[PDB]
């Protein structure tokens, strides 16, 4: 039995949007920070610098303006940074209009999201599982190696810019990666051991998404008030945490994020807390290991993470064969967060059980399950683009 998002920690019921926004939301944010993801130690750091390193106005055969931007997290050239790739549809900026944006992290490098040979090859560590990796270094053969998750031309043709950053710029995805990450620079001080409530990879990845948004606020080609933050699987766990913590994100998409993302932990199905923390000990706070094989003691569940997006539109989606993510657990988290969305006048999926494949259900809180295995497909994207067209805040008053 799940904790009620609309009952505060002290037992008092949440009846109105102000109490939600100003009392219950901070309560839940601090529970997720302390017990699951670890504390985000600071939001925007002072002295962030944005350097456009390349700009091409006729990329993708004229369809897009492509920019590469180094986003450095302090003023000294020696502060850590991340490399942002942005494609903006020329049809939109040719009209003297700013484009809305889809923003998400990639798994294996910016050069993998499209074959475009002008994208800078990542100079960072790449995991062995990356396609066409050579001793954890990017190669020309990895270009476009993850393009199936990134239908850039369709996204642009529908009027959206595409922004992305390699998650490994922020925390390399390997158990020792926090030692060479934003986390190791952004405090800890003279200690070697990670604190119990210290953030892990998911928290650092989510922070980078918010830093990317900081950059989009200064870019005159895009409308940073109309940013849909999305991610697949482990990067969808980050996209949910980023969209929950940072209410500037206008729209949030979780593509099969599973355990510690959209899936209920207290439903014991597929991946469990013990399994995710054992295999990926750097992803969550050390404090999350308290709940290994003890999910009943969790003071929150992931439906309350989804509810932290409200009233902003949120899309949670599953794959039919993706038992590990627990599609039903993801759907039931949507249903358990729906009462918060309803508080703000929005509607969630119709019914109490998982919809049929390729039949999305819900208003501003939407769910679909698609056929096939874990992944992010053109079908997923088709549904996300329809959702953005409908619910991504307008450019008008």
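Numbering follows the first chain given and starts at 1.
Checklist entry - Looking across the other entries that model both neighbours, is residue 189 missing in at least a third? => result yes, residue 189 frequently unmodelled elsewhere, at least a third of entries.
Checklist entry - Looking at the entry, does 130-138 or 82-90 show the higher mean C-alpha B-factor? => result Stretch with the greater average CA B-factor: 130-138.
Item to check | Mean temperature factor over C-alpha atoms, higher-scoring stretch between 144-152 and 121-129 | outcome: Comparing 144-152 with 121-129, the higher mean C-alpha B-factor belongs to 121-129.
Checklist entry - From 237, 266, 211, 230, pick the one with the largest CA B-factor in the entry? => result Comparing C-alpha B-factors across 237, 266, 211, 230, the top value belongs to 266.
Item to check | Among 293, 323, 256, 197 - the residue whose C-alpha B-factor is largest in the record | outcome: Largest recorded C-alpha B-factor: 293.
Item to check | CA B-factor ranking of residue 374, expressed as a third of its chain | outcome: According to the entry, residue 374 has a C-alpha B-factor in the chain's middle third.
Checklist entry - Based on the entry's values, in what third of the chain does the Cα temperature factor of residue 270 lie: lowest, middle or highest? => result Lowest third of the chain for residue 270's C-alpha B-factor.
Item to check | residue 281 by Cα B-factor - lowest, middle or highest third of the modelled chain | outcome: For residue 281, the deposited C-alpha B-factor lands in the middle third.
Checklist entry - Of the three thirds of its chain by CA temperature factor, lowest, middle or highest, which one includes residue 305? => result Ranked within chain, residue 305 CA B lands in the lowest tercile.
Next on the checklist: Ranking every modelled residue in this chain by its Cα temperature factor as given in the entry, which third contains residue 41?
Outcome noted: Middle third by C-alpha B-factor.
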